[PDB]
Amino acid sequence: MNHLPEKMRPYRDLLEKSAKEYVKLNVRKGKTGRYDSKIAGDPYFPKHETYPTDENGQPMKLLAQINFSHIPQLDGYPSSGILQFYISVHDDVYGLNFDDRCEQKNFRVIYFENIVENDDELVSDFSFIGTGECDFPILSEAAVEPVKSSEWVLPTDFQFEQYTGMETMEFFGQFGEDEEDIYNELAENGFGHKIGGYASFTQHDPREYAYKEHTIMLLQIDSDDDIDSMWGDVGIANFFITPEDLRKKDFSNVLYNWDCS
């Protein structure tokens, strides 16, 4: 039995019904191949394509790349292709769009469905990407080891309220003096790096009103001293997509968020 604080036990059946299969990403500082899933490092990129640039036309830098052929299969996710996440290196907010989290101005999400095999038609020299005045959120290339897992809905994720049928204030408030311990234990079972599953935030989930259909989390990267990942003050980043767009393999409306303490 996965542990549950005492007052939460009557809700065990509900939490089990909410369980979502996901892929935990164990990370290992080090060099990765051109076609591999990785955090930072160099991306797979065809010479004939236009490399992503930020609002001032400066080349962006790869935050992470996922090769769908290299992770456990999740319902609804592509069976192959390489999905990439990029951000500007020149802005003090890791390229987060303060106005519209889905407007790829200083961040970009690119999906290559068909992978080029010919080594000479791919970019190998990425020295053209600059160095911003601020440190990149992840300072060290890291390899990825996917492990399929499962987890109940997290209280940090706006879907929690949908499952319990009430606002979290009202929901955890019913536990009296145990409210904080209960909320914190449940929220802390989250975090870490992953594909799919439920979302963790140090502040507030931005989806309730503004992006209510972005219920699928494509990727979450947490602060992690093992690979020199640090989002502001021990924060966390994540990307979301709507079920419709994932089906269409359309990544032009992906929600990029990050927050910290």
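The first residue of the shown sequence is 1; numbering continues from there.
### Mean C-alpha temperature factor, higher of 194-202 and 44-52
It is 44-52.
### Query
Which has the higher mean CA temperature factor in the PDB entry, 146-154 or 111-119?
Going by the record's values, the stretch with the higher mean is 111-119.
### Query
When the CA B-factors of 166, 186, 89, 83 are compared as recorded in the entry, which is the largest?
Among 166, 186, 89, 83, the highest C-alpha B-factor in the entry belongs to 166.
### Task
Among all modelled residues of this chain, ranked by Cα B factor, put residue 21 in the bottom, middle or top third, i.e. lowest, middle or highest.
Highest third of the chain for residue 21's C-alpha B-factor.
### Task
Consider only the C-alpha atoms of the modelled residues in this chain, order them by B-factor as the entry records it, and name the third containing residue 136: lowest, middle or highest.
Ranked within chain, residue 136 CA B lands in the middle tercile.
### Task
Sorting the chain's modelled residues by C-alpha B-factor, tell me whether residue 160 ends up in the lowest, middle or highest third.
Lowest third of the chain for residue 160's C-alpha B-factor.
### residue 207 by Cα B-factor - lowest, middle or highest third of the modelled chain
According to the entry, residue 207 has a C-alpha B-factor in the chain's lowest third.
### Task
Sort the modelled residues of this chain by their C-alpha B factor and say whether residue 100 lands in the lowest, middle or highest third.
Within its chain, residue 100 is a middle-third residue by C-alpha B-factor, going by the deposited values.
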